[PDB]
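Visitor: Below are the structure tokens for one structure; questions will follow.
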Amino acid sequence: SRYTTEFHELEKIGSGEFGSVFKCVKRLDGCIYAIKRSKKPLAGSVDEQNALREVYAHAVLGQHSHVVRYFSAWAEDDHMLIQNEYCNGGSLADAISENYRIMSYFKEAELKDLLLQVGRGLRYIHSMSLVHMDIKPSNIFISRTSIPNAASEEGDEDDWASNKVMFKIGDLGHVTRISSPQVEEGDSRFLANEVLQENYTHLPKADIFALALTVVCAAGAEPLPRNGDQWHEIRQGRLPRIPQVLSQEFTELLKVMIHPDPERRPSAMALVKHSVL
Amino acid sequence: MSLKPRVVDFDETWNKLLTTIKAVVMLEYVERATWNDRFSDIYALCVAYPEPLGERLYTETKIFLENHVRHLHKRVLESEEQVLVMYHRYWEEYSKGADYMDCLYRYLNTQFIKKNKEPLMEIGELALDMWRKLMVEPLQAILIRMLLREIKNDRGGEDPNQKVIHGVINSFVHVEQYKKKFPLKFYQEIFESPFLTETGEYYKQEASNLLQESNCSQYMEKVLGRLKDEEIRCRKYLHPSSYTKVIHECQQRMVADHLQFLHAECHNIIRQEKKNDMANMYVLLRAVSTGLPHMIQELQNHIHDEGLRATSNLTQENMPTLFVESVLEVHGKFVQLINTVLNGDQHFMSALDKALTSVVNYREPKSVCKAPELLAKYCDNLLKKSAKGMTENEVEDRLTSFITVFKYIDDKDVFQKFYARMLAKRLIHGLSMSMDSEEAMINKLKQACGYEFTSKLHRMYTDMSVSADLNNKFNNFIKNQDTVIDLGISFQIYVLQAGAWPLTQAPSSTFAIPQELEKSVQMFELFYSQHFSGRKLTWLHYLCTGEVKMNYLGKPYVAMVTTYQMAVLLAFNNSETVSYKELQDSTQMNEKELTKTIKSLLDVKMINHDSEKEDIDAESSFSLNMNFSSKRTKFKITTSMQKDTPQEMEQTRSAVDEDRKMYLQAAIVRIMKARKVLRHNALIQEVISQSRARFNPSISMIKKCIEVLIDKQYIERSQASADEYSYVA
Amino acid sequence: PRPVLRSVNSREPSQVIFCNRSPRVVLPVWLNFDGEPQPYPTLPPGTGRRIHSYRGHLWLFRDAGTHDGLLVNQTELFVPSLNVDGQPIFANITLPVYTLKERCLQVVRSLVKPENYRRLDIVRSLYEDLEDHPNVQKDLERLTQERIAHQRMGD
Amino acid sequence: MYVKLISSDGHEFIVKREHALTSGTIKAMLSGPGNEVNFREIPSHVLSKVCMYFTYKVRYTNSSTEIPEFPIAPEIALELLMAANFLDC
Amino acid sequence: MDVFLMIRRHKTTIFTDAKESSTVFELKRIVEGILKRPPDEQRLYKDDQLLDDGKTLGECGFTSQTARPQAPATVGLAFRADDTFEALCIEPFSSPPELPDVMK
Amino acid sequence: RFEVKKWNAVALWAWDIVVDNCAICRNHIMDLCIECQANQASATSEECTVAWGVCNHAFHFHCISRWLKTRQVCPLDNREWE
């Protein structure tokens with residue numbers, strides 16, 4: 001196999017019924033990449049069209065800043081392996097968990113930054129007649145950058161922090177074309193009412209609606225309901241209680257993103273070109 | 001002369017270094033220049049290009065030290081009868097010489113031995129090792145022996161040279177300075193093992209002779225003196241780590257061996273209140289493990305006997321005052337003595353309290369305990385207003401002293417009920433001497449027992465606190481009515497809670513309200529209905545104390561009267577002709593009480609009886625006394641109701657028992673509520689512990705109330721094989 | 001069987017600002033949950049870096065070139081603490097005070113090829129000191145020694 | 001209190017006593033009956049640097065300020081190591 | 001801050017520290033504490049310049065960065081054995097040995 | 001001739017509730033109930049809570065409410081209590 005001859009595992013960073021994910025280094029240059037290993041999907045099974053939709057999404061999209069890069073893929077030894085860039089930061093699911101463990105919460109500017117990258121990414125993806133339909137805190141990835149700063153040891157000594165955090169959208173398995181809609185049943189937590197009734201005319205607004213729910217969850221709210229009265233309450237344009245206070249303009253933005261009517265929710269093009277961020 | 005390696009002969013440098021080392025060991029005078037020079041020679045001999053000579057130097061130093069130790073041992077062994085002083089003098093210089101030559105030997109120890117570490121030890125440790133190997137151990141069989149006799153003579157009275165003995169003893173500890181696993185085991189094995197046995201054996205013989213020669217009282221002082229002397233001798237001679245041990249070895253031989261002889265005297269010690277011997281006896285028995293319980297038991301028995309005899313022959317007149325004063329003075333006299341002589345040990349306070357609890361609660365084999373009733377009488381006498389009343393602060397101090405005796409009551413339910421009855425009787429007639437004194441006395445009960453004990457008394461006071469405002473409001477409301485005339489009547493009605501207030505009307509006989517004051521009722525109920533939503537008030541005619549009689553006359557006389565006498569007096573005066581039977585039953589009912597009141601009025605000599613018999617008959621006639629004269633224009637007729645009856649005390653005791661039933665049942669139900677499964681003995685113990693604070697319930701009454709609750713079906717029992725008590729909601 | 005110098009996993013965030021004060025280039029190392037160190041990028045002298053690390057992790061700071069030990073907060077070993085009121089934890093790096101032998105040993109090590117130590121005219125018994133180079137494992141063992149020493153002197 | 005070190009060349013250095021007692025041997029060489037000392041093996045260039053090292057070590061110990069590195073010249077870096085071994089500094 | 005400097009004359013060398021605030025007369029007191037000489041006969045030269053009591057160490061040129069403990073500043077001293085002053089004379093330390101073969 | 005100048009009287013106060021001893025609640029009508037005196041919680045020192053009944057029968061609010069919860073019929077008359 002080419003995986004054992006050219007790639008070297010470094011750490012196992014995923015598990016599940018889908019397969020596994022490993023941190024690898026290739027001998028040719030030595031840059032750190034990530035390898036997804038799984039089985040062959042069955043014929044006439046959901047994972048099959050998920051995989052083909054994902055590979056077509058990578059083929060069409062190409063390369064971009066906010067979308068995790070695809071490099072190569074192959075199937076061998078009853079295993080299917082795909083190659084993407086290594087985002088060292090992690091997923092928001094782990095970040096929110098570790099941040100909540102100490103009863104600490106994100107800063108509002110960080111929330112505005114979250115909105116900036118996610119809106120720009122959704123704008124770029126929808127530019128190519130595509131809808132993600134798989135948006136959630138576990139599908140948003142982080143990448144780190146470092147910048148040194150200087151402080152005078154003698155006499156006065158003041159140090160300032162200046163670091164940039166980059167956010168990327170991944171897991172293009174559920175992506176379907178707006179002209180040819182093939183929607184897979186999404187997670188009940190972040191599933192818009194329109195998708196629940198299979199109304200396949202306002203697909204781009206469903207991801208905008210789920211985006212505000214992801215941001216609210218990142219703000220420090222309780223785990224989202226999976227079904228029932230609280231589910232309907234959230235779907236009725238009502239937002240959950242937040243441990244911290246936030247600006248009223250941002251709250252209005254959240255409400256309008258969680259508006260019932262899909263048309264009355266703003267599109268990504270309006271959101272990206274907003275002075276609020 | 002470069003620091004780089006060269007070639008040097010061993011013989012000359014070795015000879016010079018050995019001469020310098022010998023001079024240092026002798027504690028002789030060595031010039032500063034040779035001391036400067038020898039370190040350079042040492043450095044030359046340590047590192048070398050051909051081969052280092054550290055191993056040869058170490059062996060030569062060991063040989064020289066061995067020779068010196070052998071010479072010193074031979075010299076000290078040659079002199080007899082002066083071995084100890086020679087040993088001390090030689091060690092005093094050898095320690096300093098070894099320290100100085102180890103300071104000179106810093107390079108070899110720092111580099112060679114620590115790197116290498118045939119065990120290898122530093123020169124400073126090697127010197128002491130050789131000293132203990134060939135100077136101490138071979139002489140040990142002598143060195144300790146004579147040493148101990150120089151201690152034994154100290155017991156005789158002659159003190160030998162302390163410096164030499166202390167130095168010799170400290171030498172054993174100083175030898176083991178470098179040892180870290182057991183720095184004091186060698187000294188312990190060489191000194192403590194034989195010396196402890198020797199001194200313990202000597203003290204037993206000394207104590208036997210001292211006890212045989214002298215009496216117990218002098219024995220005690222002599223033992224204390226010997227202990228004090230040993231406490232100083234140990235500090236003078238022995239190591240600081242052993243000061244306790246030898247002391248213990250004395251106290252287990254001179255006091256512990258004669259314990260019985262002490263205990264047989266204990267009785268005679270503390271039944272005569274001897275402040276001299278007791279203070280030393282207690283101190284010496286504190287060290288003894290099991291000498292204290294005998295003291296506790298005997299003192300408790302003495303206290304109980306004294307307390308019982310203190311109240312055996314007190315006069316019947318002024319019963320409560322003497323009973324309280326004797327207990328208070330006994331408690332004070334004993335507590336001050338115990339705190340002064342016995343250093344205030346808590347066990348003795350506990351024993352005193354235990355004895356006083358039984359002394360206060362002394363009960364005759366067939367009689368009922370009289371403590372709560374006597375204490376209630378004492379409180380009533382102190383609190384009631386009288387012409388011979390005393391100042392308020394003295395009353396407060398007396399109550400504060402009395403609360404101490406009150407704390408010793410075993411069962412406070414009877415006392416609580418008696419206090420409620422007396423306080424109600426006092427406040428109805430306004431016999432209290434101060435309004436704030438009642439609150440001050442109630443606060444003592446509140447802090448002693450809790451809120452549940454005196455909540456009834458708090459609402460008791462609150463009733464009359466609000467009654468004055470209610471009366472003022474009624475007086476204000478009187479003027480509101482357009483056309484209402486009250487004539488002469490001007491009354492206050494005390495609004496009282498039925499359940500909280502203990503007074504009640506056991507016989508339920510209806511009474512006919514006189515027509516002259518009929519409106520007094522109706523206006524009061526209408527005012528109460530207007531002011532209060534749905535409160536229903538019941539009139540008590542047994543405690544009405546309204547004074548009414550003619551005031552304008554040639555010979556006026558006004559007397560306090562009761563409504564029961566008021567009705568019959570009004571009926572008699574309204575009709576100009578006296579009636580015997582038709583008037584008495586036409587105007588009032590409950591003829592027996594009316595006849596009793598009429599007989600009381602005859603005893604007052606207000607109306608003459610025409611029956612000429614001491615017993616009132618149905619046909620007996622009467623006549624108003626036209627020549628009635630009283631020494632006072634205004635007076636009060638003393639009704640027989642003011643005096644209590646032992647039958648009323650019987651019903652009070654029955655009510656207390658019923659309240660005990662109710663409280664026990666509630667506690668039992670709460671106990672099943674706590675846990676479903678209850679064991680028989682466990683349940684009994686839990687009930688006793690829970691209910692002990694308020695009073696002491698008996699097992700039989702607890703079983704009776706448990707069976708009563710069985711009848712209520714809240715408790716289910718399966719079989720009388722394994723004791724289990726299940727609970728049913 | 002876990003070494004005493006082990007860290008503890010807590011998923012507990014902490015914000016630490018590494019500041020370099022020594023003229024020599026520093027190199028942080030972190031002890032993992034197993035007990036072995038892992039390096040990290042070097043910090044140029046006179047530069048600072050705010051970084052995110054979890055609480056309870058053990059940090060050491062060695063030299064990039066010679067691997068001689070350096071003191072962090074005047075201590076060999078550094079461990080973060082929970083952030084209070086939003087102030088990052090400071091972990092300064094400062095030069096120790098070498099005794100005259102090691103400070104003189106470093107220059108000789110720098111100026112002499114490791115194969116030529118036998119050639120220099122010096123006392124024969126001392127190249128045993130110069131031949132050894134500083135390594136992290138020996139310092140770790142010596143650091144673990146005082147743990148058992150302290151537990152011994154505590155009773 | 002001032003102590004006096006003598007050089008093999010003949011130079012005499014005068015320093016504070018507490019500065020000099022830093023080294024183990026020089027303290028030992030005054031521990032016993034044997035104020036002034038005499039070194040007949042150490043040249044002048046080594047000792048004129050050893051004294052500066054004493055001053056630097058005493059001044060910049062347990063200090064909050066940054067500790068500058070001790071500049072040892074490369075020409076004397078070989079004769080200043082035998083001196084550090086001998087003196088047990 | 002302060003300076004750390006030495007005083008040299010012929011074969012003799014003394015180490016000391018001082019505050020730049022202080023004047024020369026204080027150093028004269030410090031040095032006569034060892035030399036047991038009157039301050040008037042002592043004459044301090046920096047390089048080839050005469051020093052006076054009134055001037056302070058800050059005025060002369062000795063600064064905190066000029067004389068660190070590891071690099072003390074050399075100061076010369078002159079006495080007066082008779083009515084006339086004797087000129088300065090300080091000899092340098094021994095010349096260092098040449099760098100060896102391997103160390104190049 | 002007898003006449004009246006000034007009167008005095010003492011009268012208690014109760015409620016318009018027809019009950020003998022409240023055997024179901026096992027307490028006096030105007031005295032504290034089992035639950036109030038056993039929980040030792042905050043309550044009025046004189047009258048915690050009195051809920052008048054439509055059927056002219058009333059117990060303490062807590063115990064009568066518990067009895068109503070466990071059985072809708074009134075214990076005295078086997079009817080509905082409000």
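FYI, nothing fancy with the structure tokens labels: chains A, B, ... in order, residues from 1 per chain, ligands from 1 as they appear.
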Would you kindly return, as a tab-separated table (two decimals) with N, CA and C atoms, in the first residue's frame, each protein, DNA or RNA residue with an atom no farther than 10 Å from any atom of residue 127 of chain B, considering only C-alpha atoms and excluding same-chain residues fewer than 2 positions away?
Guide:
```
chain	number	residue	atom	x	y	z
B	61	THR	N	47.10	7.30	56.67
B	61	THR	CA	46.33	8.03	57.67
B	61	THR	C	45.56	7.08	58.57
B	62	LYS	N	44.97	6.03	58.00
B	62	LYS	CA	44.28	5.03	58.81
B	62	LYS	C	45.23	4.35	59.77
B	65	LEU	N	46.13	6.80	62.59
B	65	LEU	CA	45.01	6.97	63.52
B	65	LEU	C	44.83	5.73	64.39
B	66	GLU	N	44.99	4.54	63.80
B	66	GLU	CA	44.91	3.30	64.58
B	66	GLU	C	45.99	3.26	65.65
B	69	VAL	N	45.04	5.72	68.44
B	69	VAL	CA	43.96	5.20	69.27
B	69	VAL	C	44.47	4.09	70.18
B	94	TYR	N	40.89	15.05	71.53
B	94	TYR	CA	40.83	14.24	70.32
B	94	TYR	C	39.75	14.73	69.37
B	95	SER	N	38.60	15.17	69.89
B	95	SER	CA	37.55	15.67	69.02
B	95	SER	C	38.02	16.90	68.24
B	97	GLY	N	41.17	17.83	67.66
B	97	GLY	CA	42.23	17.45	66.74
B	97	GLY	C	41.69	16.80	65.49
B	98	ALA	N	40.71	15.90	65.65
B	98	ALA	CA	40.09	15.26	64.50
B	98	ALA	C	39.37	16.27	63.62
B	99	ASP	N	38.67	17.23	64.23
B	99	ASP	CA	38.00	18.26	63.45
B	99	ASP	C	39.00	19.08	62.64
B	101	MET	N	42.13	18.24	61.68
B	101	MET	CA	42.76	17.46	60.62
B	101	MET	C	41.78	17.05	59.53
B	102	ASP	N	40.48	17.03	59.83
B	102	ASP	CA	39.48	16.83	58.78
B	102	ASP	C	39.30	18.10	57.96
B	121	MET	N	35.03	5.88	53.73
B	121	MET	CA	34.40	6.89	54.56
B	121	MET	C	35.35	8.07	54.73
B	122	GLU	N	34.79	9.24	54.99
B	122	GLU	CA	35.60	10.45	55.13
B	122	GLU	C	36.49	10.37	56.37
B	123	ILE	N	37.53	11.20	56.37
B	123	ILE	CA	38.51	11.17	57.45
B	123	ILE	C	37.87	11.54	58.78
B	124	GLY	N	37.01	12.56	58.77
B	124	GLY	CA	36.33	12.95	60.00
B	124	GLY	C	35.49	11.83	60.59
B	125	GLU	N	34.80	11.08	59.73
B	125	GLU	CA	34.06	9.91	60.17
B	125	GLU	C	34.97	8.73	60.51
B	129	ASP	N	35.09	6.61	63.97
B	129	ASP	CA	34.90	5.17	63.84
B	129	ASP	C	36.01	4.40	64.56
B	130	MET	N	37.26	4.82	64.35
B	130	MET	CA	38.37	4.18	65.05
B	130	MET	C	38.28	4.40	66.55
B	131	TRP	N	37.87	5.60	66.96
B	131	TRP	CA	37.73	5.89	68.39
B	131	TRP	C	36.71	4.98	69.04
B	132	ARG	N	35.58	4.75	68.37
B	132	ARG	CA	34.57	3.87	68.94
B	132	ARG	C	34.96	2.40	68.83
B	133	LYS	N	35.77	2.05	67.83
B	133	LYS	CA	36.16	0.65	67.66
B	133	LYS	C	37.20	0.22	68.69
B	175	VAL	N	29.80	10.38	69.25
B	175	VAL	CA	30.45	9.41	68.37
B	175	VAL	C	29.54	9.07	67.19
```
Visitor: Counting only C-alpha atoms, which residues from chain C have an atom at most 7 Å from any atom of chain A, and could you show them as a list in words?
Guide: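 The selection requested is residues 11, 12, 13, 21, 46, 47, 48, 49 and 50 of chain C.
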Visitor: Mind dumping the selected residues with C-alpha atoms as a compact mmCIF listing (two decimals), in the first residue's frame?
Guide:
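To be explicit, this is the file written out as again_34.txt:
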```txt
# COMPACT_ATOMS: atom_id res chain seq x y z
CA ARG C 11 -8.66 19.87 29.55
CA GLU C 12 -8.32 23.05 31.61
CA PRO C 13 -7.31 26.17 29.65
CA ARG C 21 15.58 37.55 29.17
CA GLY C 46 14.25 39.64 24.09
CA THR C 47 11.01 38.29 22.61
CA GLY C 48 7.72 37.22 24.13
CA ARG C 49 4.95 34.83 23.12
CA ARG C 50 1.44 34.46 24.50
```
Visitor: Write out as a PDB file with N, CA, C and O atoms, in the first residue's frame the residues lying within 8 Å of residue 413 of chain B, counting only C-alpha atoms and excluding same-chain residues fewer than 2 positions away.
Guide:
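Saved file out-v8.pdb follows:
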```
ATOM      1  N   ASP B 411     -38.094  16.456  84.723  1.00  0.00           N
ATOM      2  CA  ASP B 411     -39.286  16.606  83.896  1.00  0.00           C
ATOM      3  C   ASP B 411     -39.871  18.006  84.056  1.00  0.00           C
ATOM      4  O   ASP B 411     -40.375  18.363  85.125  1.00  0.00           O
ATOM      5  N   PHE B 415     -43.786  21.302  85.547  1.00  0.00           N
ATOM      6  CA  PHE B 415     -43.395  22.654  85.930  1.00  0.00           C
ATOM      7  C   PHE B 415     -43.908  23.678  84.927  1.00  0.00           C
ATOM      8  O   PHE B 415     -44.350  24.764  85.314  1.00  0.00           O
ATOM      9  N   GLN B 416     -43.852  23.354  83.633  1.00  0.00           N
ATOM     10  CA  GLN B 416     -44.358  24.274  82.618  1.00  0.00           C
ATOM     11  C   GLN B 416     -45.853  24.515  82.786  1.00  0.00           C
ATOM     12  O   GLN B 416     -46.317  25.660  82.710  1.00  0.00           O
ATOM     13  N   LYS B 417     -46.623  23.450  83.020  1.00  0.00           N
ATOM     14  CA  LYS B 417     -48.064  23.611  83.190  1.00  0.00           C
ATOM     15  C   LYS B 417     -48.387  24.399  84.454  1.00  0.00           C
ATOM     16  O   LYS B 417     -49.274  25.265  84.448  1.00  0.00           O
ATOM     17  N   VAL B 656     -51.222  16.899  81.914  1.00  0.00           N
ATOM     18  CA  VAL B 656     -49.804  16.754  81.595  1.00  0.00           C
ATOM     19  C   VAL B 656     -49.532  15.374  81.008  1.00  0.00           C
ATOM     20  O   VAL B 656     -48.783  15.232  80.035  1.00  0.00           O
ATOM     21  N   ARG B 694     -36.677  17.029  76.922  1.00  0.00           N
ATOM     22  CA  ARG B 694     -37.822  17.692  77.538  1.00  0.00           C
ATOM     23  C   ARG B 694     -38.155  17.080  78.895  1.00  0.00           C
ATOM     24  O   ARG B 694     -38.418  17.802  79.863  1.00  0.00           O
ATOM     25  N   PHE B 695     -38.142  15.754  78.985  1.00  0.00           N
ATOM     26  CA  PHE B 695     -38.485  15.046  80.214  1.00  0.00           C
ATOM     27  C   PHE B 695     -37.998  13.606  80.088  1.00  0.00           C
ATOM     28  O   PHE B 695     -37.269  13.260  79.153  1.00  0.00           O
TER      29      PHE B 695
END
```
Visitor: Show which residues sit within 12 Å of residue 51 of chain E, as a list in words. Count only C-alpha atoms, and ignore same-chain residues fewer than 3 positions away.
Guide: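 Here the answer would be residues 23, 24, 25, 27, 28, 42, 43, 44, 45, 46, 47, 48, 54, 55, 56, 57, 59, 60, 61, 75, 76, 77 and 78 of chain E.
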Visitor: So that I can see what lies close to residue 60 of chain D, please list as an MDAnalysis selection string the residues with an atom at most 12 Å from it, counting only C-alpha atoms and leaving out residues fewer than 5 positions away in the same chain.
Guide: (chainID C and resid 95:98) or (chainID D and resid 53:55 65:70) or (chainID E and resid 68:70)
Visitor: Atoms to include: N, CA, C and O atoms. Write the selected residues as a compact mmCIF listing (two decimals), in the first residue's frame.
Guide:
```
# COMPACT_ATOMS: atom_id res chain seq x y z
N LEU C 95 18.92 33.78 33.40
CA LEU C 95 20.16 33.02 33.52
C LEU C 95 20.42 32.67 34.99
O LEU C 95 20.16 33.48 35.88
N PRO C 96 20.94 31.49 35.26
CA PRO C 96 21.36 31.15 36.62
C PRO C 96 22.72 31.76 36.92
O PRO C 96 23.30 32.47 36.11
N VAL C 97 23.22 31.48 38.12
CA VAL C 97 24.56 31.92 38.51
C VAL C 97 25.47 30.70 38.54
O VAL C 97 25.49 29.95 39.52
N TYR C 98 26.22 30.49 37.46
CA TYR C 98 27.10 29.34 37.38
C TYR C 98 28.28 29.50 38.32
O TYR C 98 28.82 30.59 38.50
N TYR D 53 35.28 37.66 39.57
CA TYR D 53 34.22 36.67 39.67
C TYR D 53 33.60 36.66 41.05
O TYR D 53 32.39 36.50 41.20
N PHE D 54 34.43 36.79 42.09
CA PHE D 54 33.90 36.87 43.45
C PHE D 54 32.93 38.04 43.58
O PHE D 54 31.81 37.88 44.10
N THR D 55 33.35 39.21 43.11
CA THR D 55 32.48 40.39 43.20
C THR D 55 31.18 40.18 42.43
O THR D 55 30.09 40.49 42.94
N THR D 65 16.79 41.72 39.02
CA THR D 65 17.27 42.22 37.75
C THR D 65 17.93 41.10 36.94
O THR D 65 18.36 40.07 37.48
N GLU D 66 17.99 41.31 35.63
CA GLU D 66 18.59 40.32 34.74
C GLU D 66 20.08 40.18 35.04
O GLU D 66 20.77 41.16 35.32
N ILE D 67 20.57 38.95 34.98
CA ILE D 67 21.95 38.63 35.32
C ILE D 67 22.76 38.57 34.03
O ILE D 67 22.54 37.64 33.23
N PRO D 68 23.66 39.51 33.78
CA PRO D 68 24.50 39.43 32.58
C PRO D 68 25.48 38.27 32.66
O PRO D 68 25.87 37.82 33.74
N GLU D 69 25.87 37.78 31.49
CA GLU D 69 26.80 36.67 31.40
C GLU D 69 28.22 37.12 31.72
O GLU D 69 28.60 38.26 31.45
N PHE D 70 29.00 36.22 32.31
CA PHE D 70 30.36 36.52 32.73
C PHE D 70 31.31 36.34 31.55
O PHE D 70 31.49 35.22 31.06
N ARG E 68 31.07 47.81 35.26
CA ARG E 68 30.31 46.69 35.79
C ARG E 68 31.19 45.85 36.71
O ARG E 68 32.41 45.93 36.66
N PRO E 69 30.58 45.04 37.59
CA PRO E 69 31.39 44.20 38.48
C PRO E 69 32.36 43.28 37.75
O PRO E 69 33.47 43.03 38.25
N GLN E 70 31.99 42.77 36.58
CA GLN E 70 32.90 41.91 35.82
C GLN E 70 33.94 42.69 35.04
O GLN E 70 34.90 42.08 34.55
```
Visitor: Using DSSP assignments from the backbone, pull out every residue in segment 39-204 of chain A that falls under helix (DSSP H, G or I) and give it to me as a VMD selection string.
Guide: chain A and resid 46 to 61 92 to 101 108 to 127 137 to 139 172 to 174 188 to 190 193 to 196 203 to 204
Visitor: What's around residue 39 of chain D at 12 Å? Count only C-alpha atoms, leave out sequence neighbours fewer than 4 positions away in its own chain, and write the answer as a list in words.
Guide: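 In the requested form, the answer reads residues 1, 2, 3, 33, 36, 37, 38, 39 and 40 of chain B; 4, 5, 6, 7, 8, 9, 10, 11, 12, 13, 25, 26, 29, 43, 44, 46, 47, 83, 86 and 87 of chain D.
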Visitor: Just give me the gap between atom CA of residue 498 of chain B and atom CA of residue 562 of chain B in Å, one decimal is fine.
Guide: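 These atoms are spaced 21.9 Å apart.
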